[PDB]
Amino acid sequence: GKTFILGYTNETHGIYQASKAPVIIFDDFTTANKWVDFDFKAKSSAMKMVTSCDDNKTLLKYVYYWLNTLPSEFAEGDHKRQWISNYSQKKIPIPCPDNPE
Amino acid sequence: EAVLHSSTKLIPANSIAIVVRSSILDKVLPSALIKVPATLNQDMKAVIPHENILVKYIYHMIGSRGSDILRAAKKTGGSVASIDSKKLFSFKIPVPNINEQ
Amino acid sequence: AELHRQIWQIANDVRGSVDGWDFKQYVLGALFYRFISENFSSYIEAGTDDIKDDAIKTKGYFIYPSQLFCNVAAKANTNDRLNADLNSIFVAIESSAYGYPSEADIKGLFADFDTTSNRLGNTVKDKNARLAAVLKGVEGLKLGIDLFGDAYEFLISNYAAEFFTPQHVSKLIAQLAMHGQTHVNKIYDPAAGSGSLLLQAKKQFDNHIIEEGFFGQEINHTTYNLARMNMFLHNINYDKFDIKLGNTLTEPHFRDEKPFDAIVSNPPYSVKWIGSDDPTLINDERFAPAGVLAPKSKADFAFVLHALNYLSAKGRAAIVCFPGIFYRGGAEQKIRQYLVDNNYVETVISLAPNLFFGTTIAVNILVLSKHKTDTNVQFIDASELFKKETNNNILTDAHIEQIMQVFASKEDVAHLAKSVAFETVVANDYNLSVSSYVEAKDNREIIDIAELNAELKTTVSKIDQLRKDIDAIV
Amino acid sequence: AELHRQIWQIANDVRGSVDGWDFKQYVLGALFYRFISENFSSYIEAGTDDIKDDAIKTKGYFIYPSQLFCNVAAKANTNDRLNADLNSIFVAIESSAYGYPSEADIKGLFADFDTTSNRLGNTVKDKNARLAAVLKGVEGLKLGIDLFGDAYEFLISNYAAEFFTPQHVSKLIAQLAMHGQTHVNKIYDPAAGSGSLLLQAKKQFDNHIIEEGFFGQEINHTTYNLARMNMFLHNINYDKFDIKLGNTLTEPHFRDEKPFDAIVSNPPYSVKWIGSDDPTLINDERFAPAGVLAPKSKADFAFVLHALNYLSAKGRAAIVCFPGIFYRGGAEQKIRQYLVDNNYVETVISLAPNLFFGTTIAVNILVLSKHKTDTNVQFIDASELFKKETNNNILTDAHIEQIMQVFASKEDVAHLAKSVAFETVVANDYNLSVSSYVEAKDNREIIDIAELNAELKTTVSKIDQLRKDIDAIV
DNA sequence: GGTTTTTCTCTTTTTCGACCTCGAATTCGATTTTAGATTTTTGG
DNA sequence: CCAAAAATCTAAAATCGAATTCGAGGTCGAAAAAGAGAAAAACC
């Protein structure tokens with residue numbers, strides 16, 4: 001929803017520390033809400049972490065922007081449900097095959 | 001038909017209104033220029049001024065002094081309800097001449 | 001609500017004066033005794049009618065309602081005779097009064113029922129005054145063609161505050177048990193709860209359809225008791241009309257009577273049972289065709305398997321579930337596989353949240369048949385029904401009429417669900433039911449109409465900023 | 001929690017196997033019998049210690065603990081002897097076991113107590129197996145210097161799921177009953193509930209302060225029983241230590257013993273009683289000084305009037321209320337008028353919501369004294385205490401220590417409450433307590449620092465809109 | 001005996017109720033693959 | 001008789017769901033309480 005609750009002591013709790021550009025998804029029963037990990041932040045109580053294995057193709061704020069392109073299923077928060085595998089399948093358009101040039 | 005036993009008053013179309021329940025006791029109290037003839041519930045108040053004035057000046061005066069006229073009658077018990085009638089009613093504001101309206 | 005709603009409020013006034021269940025038992029026993037007394041007097045004196053009766057002693061004549069209604073009230077232990085000697089010491093004769101209709105050994109007893117009104121109670125005069133006040137307050141209920149039990153429906157709905165049905169949904173699933181089949185019988189029910197959902201058809205079809213009385217089974221003891229008096233209030237024949245006590249997962253009866261012809265039910269949800277399982281209940285007559293049991297957290301589809309076991313060659317079936325039982329891991333997946341093994345599962349219809357008493361989730365209904373064409377048809381339904389304030393909605397007789405029109409002959413209506421194929425459901429992993437709602441309100445715009453408007457916004461904006469800069473003179 | 005928390009979890013494991021109150025009665029009776037047996041064995045054999053004992057028959061020696069602890073357990077009907085013959089038919093000898101300490105007629109009985117463990121129960125073998133399983137499970141509790149009853153505090157707190165106290169608040173109001181007064185006695189309690197709040201001082205002051213045992217009164221029957229066993233578990237002397245059953249509004253006792261010297265209480269809220277009133281309870285010894293009664297919806301301050309009746313010439317008093325009893329119409333206004341007639345009402349201290357078990361409201365405590373200076377002092381307190389997840393907080397010993405430091409000598413600390421005057425409270429309409437919290441976080445800014453920042457926002461904004469207009473090439 | 005004043009109820013306001021009720025958000029147990037190891041059986 | 005391969009059993013990370021829960025913010029009904037009118041009592 002609103003992506004901010006207050007402070008807490010930010011170190012030595014095993015905090016994930018939220019490195020340079022991962023993305024997140026909110027959540028079980030929703031899978032629609034999207035937020036750029038801004039700089040270096042928390043692991044606040046429901047979050048599920050999405051990044052990529054590849055670096056020289058993905059640059060996943062690209063796919064942060066690409067993920068909100070499809071509200072097709074994501075206009076349906078209706079049933080009690082997890083969606084992890086389902087969006088985790090497919091699809092997205094890609095400028096392949098002129099990679100990695 | 002419901003004005004047979006609404007226990008309300010139909011008010012004119014240049015009025016202001018103000019809450020007395022449950023947003024204050026915590027926070028800022030809203031108010032609005034109501035531009036149509038209307039009625040409101042148990043839980044707030046409708047105000048028309050009388051002719052020595054310009055009504056928008058009363059609106060901005062109340063929305064300005066809200067943060068301390070809530071302070072004047074804030075607690076009124078630990079109940080869910082809020083600001084008293086009398087100490088709300090018995091506040092003094094500087095009311096200037098018409099050119100200073 | 002014409003002359004009714006006042007009497008509904010009178011029952012609300014009578015609701016005093018302690019925690020509801022305790023005095024409620026005595027209230028239900030009082031109205032139950034009053035109704036049996038009035039019905040018995042209406043039988044024995046429909047024509048010389050006497051307020052006070054006699055000791056006419058003719059047993060041979062007495063045994064004929066003891067074959068017909070199965071119970072003599074008594075010579076003089078009716079309510080209207082007992083209503084003369086109110087506040088009279090003592091009150092415990094009512095216990096002996098419950099000895100009278102409980103004779104009933106000939107034939108097919110249906111007795112052994114009225115053990116509700118016990119005694120607590122701390123002194124005998126407390127008992128006398130309290131029970132006499134209850135009898136006096138229940139006597140003043142001006143009811144008397146003789147619709148009685150809807151206030152009983154109110155009082156039984158006034159608790160868990162269990163969850164039974166908002167009664168137009170029961171009328172809906174009754175219309176799902178439709179149509180056009182004057183074919184014995186109706187209706188079996190596993191986990192019936194109240195007799196509310198077990199009422200609508202034959203009460204509407206008193207001599208329209210003529211099949212048999214009703215059968216069923218229910219878990220709790222006091223719910224069983226209120227269910228039997230609930231079904232007894234509505235002027236229903238003694239013929240075979242009953243429910244037995246037990247659990248369908250532990251005491252499935254009756255197998256021998258019979259393969260049924262229509263069933264409805266409201267199975268409770270997340271009803272975890274003995275695992276997984278210690279007896280041989282895999283190898284019974286109904287779960288061995290599935291392939292695997294229904295374990296603890298997924299304890300739902302045992303009821304629908306037990307339902308589809310007791311079915312005819314033609315007669316349809318209708319049950320309720322919640323759509324969260326969707327795939328639920330591979331065990332429920334292969335349960336769904338044996339369900340879609342044929343056109344066993346005919347149709348599914350969703351129902352928007354809540355339309356219940358603070359649950360707050362959506363539901364869906366599964367209509368099954370061994371009456372095939374065959375292809376699967378997921379005619380699910382979203383909005384609209386209002387839900388929360390009074391009941392609500394409740395509920396839009398034209399909307400359920402047109403959904404029966406859709407259910408009649410297999411239309412394909414967009415902005416609504418439609419038919420699918422067996423190839424579609426094997427293309428799914430047997431999902432319930434994502435397909436086939438389409439509409440999303442993603443509405444187009446115009447580039448130029450938006451941008452020249454935004455240019456108008458700027459032409460307002462910059463000169464107003466200029467006027468603010470004029471107003472920066474301080 | 002060091003070696004404790006495991007045993008707390010063991011009690012949670014023992015919590016089976018039906019609804020909690022029913023078996024809980026037998027659980028409490030079992031641990032009660034075990035503790036009395038172990039304490040009696042510890043008395044009679046502190047030095048030759050014998051697991052199994054004899055029929056030594058010496059009554060003259062037997063009557064001396066029957067004067068000291070007032071109860072012989074028995075020769076051989078202790079727990080440890082009975083723990084040898086477990087699962088032995090039959091079990092009902094425990095009823096006869098309750099005949100043994102209930103002799104106790106000499107002197108000052110405190111008996112007639114242990115009627116909790118009744119029999120239901122459906123067969124005798126059910127009773128044997130169930131009670132033997134309960135005795136076996138309670139025997140395995142490895143407890144044995146001998147802190148025992150905090151698990152009892154857990155089990156009694158595990159219900160209404162009544163509302164008693166989160167026990168650090170009880171320690172707080174105990175520290176309100178402080179200080180420095182070795183002066184008989186402590187402590188009377190109207191509507192005590194448990195003995196939890198009636199514990200902390202003398203358990204902390206076992207030989208520090210030496211005044212007398214405890215007195216009190218409580219409404220419910222089973223709450224009275226669990227209260228007496230609660231106060232009996234904590235190794236407290238037999239001397240006069242008791243609570244009588246009844247209601248303070250109906251049976252106010254004891255007047256003759258005595259004008260008390262310190263009281264705490266937790267009166268329940270909105271406790272409407274007989275109105276207004278039919279007897280002459282205006283003209284009693286305690287409500288006639290007020291001027292008017294406490295009617296039904298405002299049934300709170302009858303307890304605080306009954307509290308201030310039973311008070312010494314010097315000893316302070318402390319009660320709890322909720323701040324919604326604020327002015328509450330003119331009846332409660334004139335009640336407040338007679339309260340502020342002197343420095344009867346000394347201090348009031350608010351406490352932030354919830355700090356309870358799902359109530360969810362704030363509370364406040366009123367500390368009264370006939371020990372004056374005099375001016376009124378409304379030292380109310382807001383945040384901080386954490387509230388909800390585990391207990392919570394619970395609760396910040398330095399924070400209550402410094403609020404006792406504030407309570408010591410009358411400081412005037414802003415960002416916190418302070419003193420007021422009698423002229424201030426007659427300037428109020430005796431309000432409880434608006435004054436005197438001040439802080440509001442209305443923080444100033446700078447005109448120029450804000451506006452040139454906004455100018456930087458514009459210098460970003462317009463060129464980015466220009467670049468959007470560049471990006472409008474479609 | 002008539003008139004005026006005060007009080008009481010009845011009509012109409014009005015201000016509270018250890019609440020309550022809708023949107024937003026979601027931590028633990030229940031349940032499942034995979035990692036892996038150990039044991040047993042078969043084949044050389 | 002010894003070695004290798006396959007199958008089963010265990011830990012534990014990895015998923016998954018919850019006739020929901022949490023809590024921010026507003027009840028609506030009703031008790032109860034003040035204003036007008038009527039009736040009764042007292043005084044002239």
# chains A, B, ... in the order shown; residues from 1 in each chain; ligands from 1
call {"tool": "interface_residues", "arguments": {"of": "chain D", "to": "chain E", "cutoff": "12 Å", "atoms": "only C-alpha atoms (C1' of nucleotides)", "output": "number ranges by chain"}}
result
D: 163, 267-271, 297-298, 300, 321-329, 353-354, 356-363
call {"tool": "residues_around", "arguments": {"residues": "region 459-462 of chain D", "least_positions_apart": "5", "cutoff": "10 Å", "atoms": "only C-alpha atoms (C1' of nucleotides)", "output": "VMD selection string"}}
result
(chain C and resid 458 462) or (chain D and resid 453 to 454 467 to 468)
call {"tool": "closest_atom_pairs", "arguments": {"of": "chain F", "to": "chain C", "cutoff": "10 Å", "atoms": "only C-alpha atoms (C1' of nucleotides)", "output": "CSV"}}
result
residue,atom,partner,partner_atom,distance
F:16,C1',C:328,CA,8.8
F:17,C1',C:328,CA,8.9
F:18,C1',C:270,CA,9.5
F:19,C1',C:359,CA,5.3
F:20,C1',C:360,CA,8.2
call {"tool": "write_last_selection", "arguments": {"atoms": "N, CA, C and O atoms (P, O5', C5', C4', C3', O3' and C1' of nucleotides)", "output": "compact mmCIF listing (two decimals), in the first residue's frame"}}
result
# COMPACT_ATOMS: atom_id res chain seq x y z
P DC F 16 4.15 -22.14 -3.74
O5' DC F 16 2.87 -22.49 -2.86
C5' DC F 16 2.90 -23.60 -1.97
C4' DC F 16 1.75 -23.54 -0.99
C3' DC F 16 0.87 -22.31 -1.14
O3' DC F 16 -0.45 -22.63 -0.82
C1' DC F 16 1.77 -22.31 1.00
P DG F 17 -1.63 -22.07 -1.72
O5' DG F 17 -2.71 -21.62 -0.65
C5' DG F 17 -3.50 -22.60 0.04
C4' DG F 17 -3.55 -22.28 1.51
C3' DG F 17 -4.39 -21.05 1.85
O3' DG F 17 -5.57 -21.45 2.53
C1' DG F 17 -2.33 -21.13 3.09
P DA F 18 -6.99 -20.91 2.04
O5' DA F 18 -7.73 -20.59 3.41
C5' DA F 18 -7.65 -21.51 4.51
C4' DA F 18 -7.27 -20.79 5.78
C3' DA F 18 -7.80 -19.36 5.90
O3' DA F 18 -9.14 -19.25 6.39
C1' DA F 18 -5.52 -19.51 6.66
P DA F 19 -9.96 -20.54 6.92
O5' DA F 19 -11.03 -19.90 7.91
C5' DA F 19 -12.33 -20.49 8.08
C4' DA F 19 -13.32 -19.81 7.17
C3' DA F 19 -14.05 -18.63 7.80
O3' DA F 19 -13.32 -17.43 7.57
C1' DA F 19 -15.59 -20.07 6.63
P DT F 20 -13.07 -16.40 8.77
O5' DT F 20 -11.80 -15.56 8.27
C5' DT F 20 -10.60 -16.22 7.83
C4' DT F 20 -9.46 -15.98 8.78
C3' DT F 20 -9.84 -15.37 10.12
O3' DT F 20 -8.79 -15.67 11.04
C1' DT F 20 -8.75 -13.74 8.78
call {"tool": "closest_atom_pairs", "arguments": {"of": "chain A", "to": "chain E", "cutoff": "10 Å", "atoms": "only C-alpha atoms (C1' of nucleotides)", "output": "Markdown table"}}
result
| residue | atom | partner | partner_atom | distance |
| --- | --- | --- | --- | --- |
| A:1 | CA | E:24 | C1' | 7.3 |
| A:2 | CA | E:24 | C1' | 9.8 |
| A:26 | CA | E:25 | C1' | 9.8 |
| A:27 | CA | E:26 | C1' | 9.1 |
| A:28 | CA | E:26 | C1' | 8.4 |
| A:29 | CA | E:26 | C1' | 9.4 |
| A:30 | CA | E:25 | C1' | 9.9 |
| A:45 | CA | E:26 | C1' | 8.5 |
| A:46 | CA | E:26 | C1' | 6.9 |
call {"tool": "write_last_selection", "arguments": {"atoms": "N, CA and C atoms", "output": "CSV table (one decimal), in the first residue's frame"}}
result
chain,number,residue,atom,x,y,z
A,1,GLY,N,0.8,-1.2,0.0
A,1,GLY,CA,0.0,0.0,0.0
A,1,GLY,C,0.8,1.3,0.0
A,2,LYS,N,0.9,1.9,1.2
A,2,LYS,CA,1.8,3.0,1.4
A,2,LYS,C,3.1,2.3,1.9
A,26,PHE,N,4.4,-7.5,-3.8
A,26,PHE,CA,3.4,-7.6,-2.7
A,26,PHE,C,2.0,-8.1,-3.4
A,27,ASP,N,1.5,-9.2,-2.9
A,27,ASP,CA,2.1,-10.3,-2.1
A,27,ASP,C,1.1,-11.4,-2.4
A,28,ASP,N,1.2,-12.5,-1.6
A,28,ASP,CA,0.1,-13.4,-1.3
A,28,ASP,C,-1.2,-12.6,-1.1
A,29,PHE,N,-2.2,-13.0,-1.9
A,29,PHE,CA,-3.6,-12.5,-2.1
A,29,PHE,C,-3.6,-11.2,-3.0
A,30,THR,N,-2.4,-10.7,-3.3
A,30,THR,CA,-2.3,-9.5,-4.1
A,30,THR,C,-1.5,-9.6,-5.3
A,45,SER,N,8.7,-7.7,7.0
A,45,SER,CA,7.6,-8.5,7.6
A,45,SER,C,6.7,-9.2,6.6
A,46,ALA,N,6.7,-8.9,5.3
A,46,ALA,CA,6.0,-9.8,4.4
A,46,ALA,C,6.7,-10.0,3.0
call {"tool": "interface_residues", "arguments": {"of": "chain A", "to": "chain F", "cutoff": "12 Å", "atoms": "only C-alpha atoms (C1' of nucleotides)", "output": "CSV table (one decimal) with C-alpha atoms, in the first residue's frame"}}
result
chain,number,residue,atom,x,y,z
A,28,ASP,CA,0.1,-13.4,-1.3
A,29,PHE,CA,-3.6,-12.5,-2.1
A,79,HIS,CA,-9.4,-15.3,-4.1
A,80,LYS,CA,-7.2,-16.6,-1.3
A,81,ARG,CA,-4.2,-17.6,-3.3
A,82,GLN,CA,-0.4,-17.6,-3.8
A,83,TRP,CA,0.9,-16.8,-7.3
A,84,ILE,CA,4.6,-17.3,-7.1
A,85,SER,CA,5.1,-20.0,-9.7
call {"tool": "closest_atom_pairs", "arguments": {"of": "chain D", "to": "chain C", "cutoff": "9 Å", "atoms": "only C-alpha atoms", "output": "tab-separated table"}}
result
residue	atom	partner	partner_atom	distance
D:469	CA	C:451	CA	8.7
D:472	CA	C:447	CA	8.4
D:474	CA	C:447	CA	9.0
call {"tool": "write_last_selection", "arguments": {"atoms": "C-alpha atoms", "output": "PDB file, in the first residue's frame"}}
result
ATOM      1  CA  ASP D 469       6.914  16.792 -24.802  1.00  0.00           C
ATOM      2  CA  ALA D 472       5.412  12.765 -27.230  1.00  0.00           C
ATOM      3  CA  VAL D 474       4.688   8.923 -31.590  1.00  0.00           C
TER       4      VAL D 474
END
call {"tool": "residues_around", "arguments": {"residues": "region 59-73 of chain B", "least_positions_apart": "6", "cutoff": "9 Å", "atoms": "only C-alpha atoms (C1' of nucleotides)", "output": "ChimeraX atom specification"}}
result
/B:16,24-25,27-33,82-88,91,93 /D:434,442
call {"tool": "write_last_selection", "arguments": {"atoms": "N, CA, C and O atoms", "output": "PDB file, in the first residue's frame"}}
result
ATOM      1  N   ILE B  16     -20.900  25.985   5.629  1.00  0.00           N
ATOM      2  CA  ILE B  16     -19.712  25.250   6.033  1.00  0.00           C
ATOM      3  C   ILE B  16     -20.141  24.198   7.043  1.00  0.00           C
ATOM      4  O   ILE B  16     -21.233  24.253   7.606  1.00  0.00           O
ATOM      5  N   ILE B  24     -10.440  14.234  14.788  1.00  0.00           N
ATOM      6  CA  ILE B  24     -10.050  14.883  16.031  1.00  0.00           C
ATOM      7  C   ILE B  24     -10.365  13.975  17.206  1.00  0.00           C
ATOM      8  O   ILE B  24     -11.202  13.070  17.092  1.00  0.00           O
ATOM      9  N   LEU B  25      -9.765  14.304  18.357  1.00  0.00           N
ATOM     10  CA  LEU B  25      -9.275  13.503  19.479  1.00  0.00           C
ATOM     11  C   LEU B  25      -7.938  12.865  19.105  1.00  0.00           C
ATOM     12  O   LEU B  25      -7.223  12.400  19.992  1.00  0.00           O
ATOM     13  N   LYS B  27      -6.149  14.129  15.590  1.00  0.00           N
ATOM     14  CA  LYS B  27      -5.516  14.656  14.383  1.00  0.00           C
ATOM     15  C   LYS B  27      -6.218  15.951  13.981  1.00  0.00           C
ATOM     16  O   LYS B  27      -6.822  16.627  14.820  1.00  0.00           O
ATOM     17  N   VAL B  28      -6.090  16.319  12.705  1.00  0.00           N
ATOM     18  CA  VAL B  28      -6.711  17.534  12.198  1.00  0.00           C
ATOM     19  C   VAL B  28      -8.196  17.297  11.909  1.00  0.00           C
ATOM     20  O   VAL B  28      -8.600  16.249  11.395  1.00  0.00           O
ATOM     21  N   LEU B  29      -9.016  18.293  12.240  1.00  0.00           N
ATOM     22  CA  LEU B  29     -10.449  18.248  11.973  1.00  0.00           C
ATOM     23  C   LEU B  29     -10.760  18.822  10.598  1.00  0.00           C
ATOM     24  O   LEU B  29     -10.336  19.945  10.287  1.00  0.00           O
ATOM     25  N   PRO B  30     -11.442  18.081   9.733  1.00  0.00           N
ATOM     26  CA  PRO B  30     -11.767  18.605   8.404  1.00  0.00           C
ATOM     27  C   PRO B  30     -12.926  19.586   8.453  1.00  0.00           C
ATOM     28  O   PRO B  30     -13.627  19.733   9.456  1.00  0.00           O
ATOM     29  N   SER B  31     -13.115  20.261   7.322  1.00  0.00           N
ATOM     30  CA  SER B  31     -14.191  21.211   7.068  1.00  0.00           C
ATOM     31  C   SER B  31     -14.257  21.438   5.566  1.00  0.00           C
ATOM     32  O   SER B  31     -13.263  21.258   4.857  1.00  0.00           O
ATOM     33  N   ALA B  32     -15.428  21.852   5.086  1.00  0.00           N
ATOM     34  CA  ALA B  32     -15.619  21.968   3.649  1.00  0.00           C
ATOM     35  C   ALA B  32     -16.668  23.021   3.328  1.00  0.00           C
ATOM     36  O   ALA B  32     -17.593  23.270   4.106  1.00  0.00           O
ATOM     37  N   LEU B  33     -16.506  23.633   2.157  1.00  0.00           N
ATOM     38  CA  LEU B  33     -17.520  24.507   1.573  1.00  0.00           C
ATOM     39  C   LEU B  33     -18.598  23.606   1.000  1.00  0.00           C
ATOM     40  O   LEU B  33     -18.430  23.011  -0.065  1.00  0.00           O
ATOM     41  N   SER B  82     -15.530  13.140  21.066  1.00  0.00           N
ATOM     42  CA  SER B  82     -14.540  14.203  20.944  1.00  0.00           C
ATOM     43  C   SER B  82     -15.166  15.497  21.471  1.00  0.00           C
ATOM     44  O   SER B  82     -16.082  15.463  22.307  1.00  0.00           O
ATOM     45  N   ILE B  83     -14.634  16.630  20.987  1.00  0.00           N
ATOM     46  CA  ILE B  83     -14.772  18.017  21.445  1.00  0.00           C
ATOM     47  C   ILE B  83     -16.169  18.404  21.908  1.00  0.00           C
ATOM     48  O   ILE B  83     -17.162  18.130  21.226  1.00  0.00           O
ATOM     49  N   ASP B  84     -16.233  19.044  23.082  1.00  0.00           N
ATOM     50  CA  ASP B  84     -17.453  19.552  23.697  1.00  0.00           C
ATOM     51  C   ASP B  84     -18.202  20.540  22.818  1.00  0.00           C
ATOM     52  O   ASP B  84     -17.634  21.127  21.896  1.00  0.00           O
ATOM     53  N   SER B  85     -19.479  20.756  23.123  1.00  0.00           N
ATOM     54  CA  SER B  85     -20.249  21.726  22.359  1.00  0.00           C
ATOM     55  C   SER B  85     -19.919  23.143  22.790  1.00  0.00           C
ATOM     56  O   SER B  85     -19.743  24.029  21.948  1.00  0.00           O
ATOM     57  N   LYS B  86     -19.811  23.364  24.100  1.00  0.00           N
ATOM     58  CA  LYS B  86     -19.758  24.720  24.630  1.00  0.00           C
ATOM     59  C   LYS B  86     -18.416  25.375  24.344  1.00  0.00           C
ATOM     60  O   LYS B  86     -18.361  26.511  23.863  1.00  0.00           O
ATOM     61  N   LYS B  87     -17.320  24.667  24.626  1.00  0.00           N
ATOM     62  CA  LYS B  87     -15.998  25.250  24.421  1.00  0.00           C
ATOM     63  C   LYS B  87     -15.676  25.375  22.939  1.00  0.00           C
ATOM     64  O   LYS B  87     -14.863  26.216  22.542  1.00  0.00           O
ATOM     65  N   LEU B  88     -16.303  24.543  22.107  1.00  0.00           N
ATOM     66  CA  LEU B  88     -16.309  24.798  20.673  1.00  0.00           C
ATOM     67  C   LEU B  88     -17.059  26.077  20.352  1.00  0.00           C
ATOM     68  O   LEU B  88     -16.600  26.887  19.541  1.00  0.00           O
ATOM     69  N   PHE B  91     -15.468  30.177  21.507  1.00  0.00           N
ATOM     70  CA  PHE B  91     -14.153  30.629  21.092  1.00  0.00           C
ATOM     71  C   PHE B  91     -14.287  31.971  20.384  1.00  0.00           C
ATOM     72  O   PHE B  91     -15.258  32.204  19.661  1.00  0.00           O
ATOM     73  N   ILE B  93     -12.767  34.780  17.729  1.00  0.00           N
ATOM     74  CA  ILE B  93     -11.900  35.007  16.579  1.00  0.00           C
ATOM     75  C   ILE B  93     -11.871  36.496  16.256  1.00  0.00           C
ATOM     76  O   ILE B  93     -12.838  37.219  16.539  1.00  0.00           O
TER      77      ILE B  93
ATOM     78  N   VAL D 434      -7.942  16.940  31.593  1.00  0.00           N
ATOM     79  CA  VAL D 434      -7.488  17.621  30.381  1.00  0.00           C
ATOM     80  C   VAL D 434      -6.133  18.268  30.619  1.00  0.00           C
ATOM     81  O   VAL D 434      -5.166  18.017  29.891  1.00  0.00           O
ATOM     82  N   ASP D 442       4.002  21.121  16.797  1.00  0.00           N
ATOM     83  CA  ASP D 442       3.770  22.100  15.745  1.00  0.00           C
ATOM     84  C   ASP D 442       5.059  22.876  15.517  1.00  0.00           C
ATOM     85  O   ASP D 442       5.352  23.832  16.241  1.00  0.00           O
TER      86      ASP D 442
END
call {"tool": "closest_atom_pairs", "arguments": {"of": "chain B", "to": "chain E", "cutoff": "9 Å", "atoms": "only C-alpha atoms (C1' of nucleotides)", "output": "Markdown table"}}
result
| residue | atom | partner | partner_atom | distance |
| --- | --- | --- | --- | --- |
| B:7 | CA | E:12 | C1' | 8.4 |
| B:42 | CA | E:14 | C1' | 8.0 |
| B:43 | CA | E:15 | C1' | 8.8 |
| B:79 | CA | E:16 | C1' | 7.8 |
| B:80 | CA | E:17 | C1' | 8.1 |
| B:81 | CA | E:16 | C1' | 7.2 |
| B:84 | CA | E:15 | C1' | 8.9 |
| B:85 | CA | E:15 | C1' | 9.0 |
call {"tool": "write_last_selection", "arguments": {"atoms": "N, CA and C atoms", "output": "PDB file, in the first residue's frame"}}
result
ATOM      1  N   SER B   7     -35.288  14.459  12.088  1.00  0.00           N
ATOM      2  CA  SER B   7     -34.720  15.321  13.132  1.00  0.00           C
ATOM      3  C   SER B   7     -33.559  16.159  12.597  1.00  0.00           C
ATOM      4  N   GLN B  42     -25.836  12.860  13.098  1.00  0.00           N
ATOM      5  CA  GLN B  42     -25.618  13.153  14.507  1.00  0.00           C
ATOM      6  C   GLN B  42     -24.245  13.740  14.786  1.00  0.00           C
ATOM      7  N   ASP B  43     -23.228  13.355  14.016  1.00  0.00           N
ATOM      8  CA  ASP B  43     -21.850  13.354  14.487  1.00  0.00           C
ATOM      9  C   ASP B  43     -21.026  14.526  13.969  1.00  0.00           C
ATOM     10  N   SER B  79     -13.470   8.605  26.144  1.00  0.00           N
ATOM     11  CA  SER B  79     -14.431   7.954  25.279  1.00  0.00           C
ATOM     12  C   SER B  79     -14.003   8.072  23.821  1.00  0.00           C
ATOM     13  N   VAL B  80     -14.774   7.412  22.958  1.00  0.00           N
ATOM     14  CA  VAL B  80     -14.487   7.424  21.535  1.00  0.00           C
ATOM     15  C   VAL B  80     -14.838   8.773  20.926  1.00  0.00           C
ATOM     16  N   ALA B  81     -15.749   9.509  21.560  1.00  0.00           N
ATOM     17  CA  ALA B  81     -16.196  10.811  21.082  1.00  0.00           C
ATOM     18  C   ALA B  81     -15.153  11.894  21.315  1.00  0.00           C
ATOM     19  N   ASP B  84     -16.233  19.044  23.082  1.00  0.00           N
ATOM     20  CA  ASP B  84     -17.453  19.552  23.697  1.00  0.00           C
ATOM     21  C   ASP B  84     -18.202  20.540  22.818  1.00  0.00           C
ATOM     22  N   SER B  85     -19.479  20.756  23.123  1.00  0.00           N
ATOM     23  CA  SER B  85     -20.249  21.726  22.359  1.00  0.00           C
ATOM     24  C   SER B  85     -19.919  23.143  22.790  1.00  0.00           C
TER      25      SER B  85
END
